[PDB]
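Enquirer: quick check, what structure comes out for this input:
(one chain, ligands or ions: 2)
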Amino acid sequence: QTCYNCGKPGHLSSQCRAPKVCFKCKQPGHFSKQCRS
Ligand SMILES: [Zn+2]
Ligand SMILES: [Zn+2]
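Expert: Numbers count the residues shown, from 1 in each chain. Ligands and ions are numbered 1, 2, ... in the order given. Structure data below:
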């Protein structure tokens, strides 16, 4: 995946707080109604 903040590839929920899908909470579908509305 790609970082929420570094803008780098090679990223995951353990490389940073979240991938670009989120920033912290990173649940499987929450972003479309909270973090990406
Ligand atoms: Zn990062
Ligand atoms: Zn979130």
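Enquirer: what residues does this structure have near ligand 2?
Expert: Where the chain comes near ligand 2, counting by Cβ under 5 Å from the ion, the residues are 22, 25, 35. Just so you know, the C-beta spots here come from the backbone N, C-alpha and C atoms, and that holds for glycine as well.
Enquirer: from these, which would you call buried?
Expert: Among those, those buried by neighbour count (16 or more other Cβ atoms under 10 Å) are 22, 35.
Enquirer: closest one to ligand 1 out of the residues of the chain next to ligand 2, please.
Expert: residue 22 (12.4 Å; Cβ to the ion).
Enquirer: could I get the contacting residues of the nearest residue to that closest one once chain neighbours are set aside?
Expert: Excluding the flanking residues, the one nearest residue 22 by Cβ to Cβ, 6 or more residues apart in numbering is residue 35, at 4.9 Å. The contact partners of residue 35, by Cβ atoms under 8 Å, 6 or more residues apart in numbering, come to 21, 22, 23, 25.
Enquirer: make a markdown table out of the residues of the chain next to ligand 2 and add secondary structure.
Expert: Shown next, in a markdown table, are these (DSSP: H, G, I helix; E, B strand; the rest coil):
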| residue | secondary structure |
| --- | --- |
| 22 | coil |
| 25 | coil |
| 35 | coil |
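Enquirer: mind putting the residues of the chain next to ligand 2 in a markdown table, distance to residue 7 included?
Expert: Below are the residues of the chain next to ligand 2 laid out as a markdown table (distance: Cβ to Cβ, whole Å):
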| residue | distance to residue 7 |
| --- | --- |
| 22 | 15 |
| 25 | 20 |
| 35 | 17 |
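Enquirer: many thanks, I have nothing further to ask.
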